[PDB]
Chemist: 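My structure is below; once you've seen it, I'll send some questions.
Residue numbering restarts at 1 for every chain, and letters A, B, ... go by the order of the sequence lines.
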Amino acid sequence: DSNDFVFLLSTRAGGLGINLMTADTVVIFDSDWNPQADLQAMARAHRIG
DNA sequence: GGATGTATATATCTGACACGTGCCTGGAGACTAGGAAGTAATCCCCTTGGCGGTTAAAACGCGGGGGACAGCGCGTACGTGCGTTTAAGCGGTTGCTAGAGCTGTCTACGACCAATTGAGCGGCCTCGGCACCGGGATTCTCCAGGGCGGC
């Protein structure tokens, strides 16, 4: 029953344990030097199931 | 009618300008060597913007009492003024010596350059001491047998 539409992150925060199941689109506003940080950022929403 | 106040003219004093001279120090011209600017490479420290977790320091609030400050009294010690003394200030004597300045001579001492080598910096191997692991000696807790009591 969430009225939230957009969820903002700093890219390197939260660790690997953030579940962001309900979201669908990921906007990388600023790219990282390390591509694994952006891969983890995309995998916040691209989880199993 | 006599003497006093005031204006203009002339001689003298004094700071400033220019002339003269020495001399010595700064400027002009030429040559040379090296100090510093520039270049390339390598490596380590600093910058900016973040994240995560610990934790002790910082912040905030509140009660209370110690200390800052104000007021008052008092007595003493310092200011003030005057008369007296005294020593500072100035001018002066009289010689000798210290010291600045200048000139002159010379000699020992320090700059400079080439060759050498031995003391300073870095790494490597070893010892002194501290620590990890295995074995022997000493002391503590426990399980079972013997004897006694009850129905």
Side-chain angles (χ1 to χ4, degrees), chain A residues 2-49:
Chain A
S2 53
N3 50 350
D4 299 320
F5 167 66
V6 60
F7 184 74
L8 311 170
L9 282 302
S10 68
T11 318
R12 288 190 174 272
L16 282 72
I18 297 192
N19 194 58
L20 280 171
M21 207 84 206
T22 57
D24 200 14
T25 317
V26 170
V27 174
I28 308 294
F29 202 89
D30 308 324
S31 280
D32 208 314
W33 290 108
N34 195 8
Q36 305 311 301
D38 293 313
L39 269 168
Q40 289 169 8
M42 293 182 286
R44 293 230 199 278
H46 195 237
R47 311 190 70 88
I48 289 186

Chemist: For B:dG34 and B:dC113, measure between their P atoms and round to the nearest Å.
Modeler: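 Roughly 9 Å separates the two P atoms.
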
Chemist: Please state how far atom CG in A:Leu8 lies from atom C1' in B:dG50, giving the value in whole angstrom units.
Modeler: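 Taking atom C1' of B:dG50 as the reference, CG of A:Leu8 is at 16 Å.
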
Chemist: How many Å lie between CD1 on A:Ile18 and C1' on B:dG52, as a whole number?
Modeler: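 That distance rounds to 13 Å.
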
Chemist: Going from CE on A:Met21 to NE2 on A:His46, what distance comes out if it is rounded to the nearest 0.5 angstrom?
Modeler: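 If we round to the nearest 0.5 Å, A:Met21:CE and A:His46:NE2 are 10.0 Å apart.
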
Chemist: Separation of A:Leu9 atom CG from B:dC51 atom P, in whole Å?
Modeler: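 Going from CG in A:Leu9 over to P in B:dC51 covers 11 Å.
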
Chemist: Categorize A:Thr11 for me: base, sugar-phosphate, or nothing, with a 4.0 angstrom heavy-atom threshold over every strand shown.
Modeler: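 It contacts nothing in the nucleic acid.
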
Chemist: Please report the distance, rounded to the nearest Å, between CZ in A:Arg12 and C1' in B:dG53.
Modeler: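 Those two atoms, CZ and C1', are 18 Å apart.
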
Chemist: Can you tell me, in whole Å, how much space there is between the P of B:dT21 and that of B:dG104?
Modeler: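 That atom pair is separated by 26 Å.
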
Chemist: For A:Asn34 and B:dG49, what is the distance between atoms CG and P respectively, to the nearest whole Å?
Modeler: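 Rounded to the whole Å, the gap is 21 Å.
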
Chemist: Taking the same atom, P, in B:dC23 and in B:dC102, what whole-Å distance lies between them?
Modeler: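 It comes out at 12 Å once rounded to the nearest Å.
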
Chemist: Quick one: CZ on A:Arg44 to CG on A:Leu16, what's the gap to the nearest 0.5 Å?
Modeler: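 CG of A:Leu16 is found 7.0 Å from CZ of A:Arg44.
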
Chemist: Using the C1'-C2'-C3'-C4' torsion, which pucker class fits B:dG50: north or south?
Modeler: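 A north-puckered sugar, given its positive torsion.
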
Chemist: Please report the distance, rounded to the nearest Å, between CG in A:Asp30 and P in B:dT48.
Modeler: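 Distance, rounded to whole Å: 19 Å.
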
Chemist: Got a second to check how far A:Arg47's CZ is from A:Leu20's CG, nearest 0.5 Å?
Modeler: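 With rounding to 0.5 Å, CZ (A:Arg47) is 8.0 Å from CG (A:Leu20).
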
Chemist: B:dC51 P sits how many Å from A:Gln36 CD, rounded?
Modeler: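 Taking CD of A:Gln36 and P of B:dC51, I get 20 Å after rounding.
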
Chemist: Calculate, to the nearest 0.5 Å, the distance between atoms CZ and OG1 belonging to A:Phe7 and A:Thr22 respectively.
Modeler: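 Nearest 0.5 Å value for the CZ-OG1 distance: 9.0 Å.
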
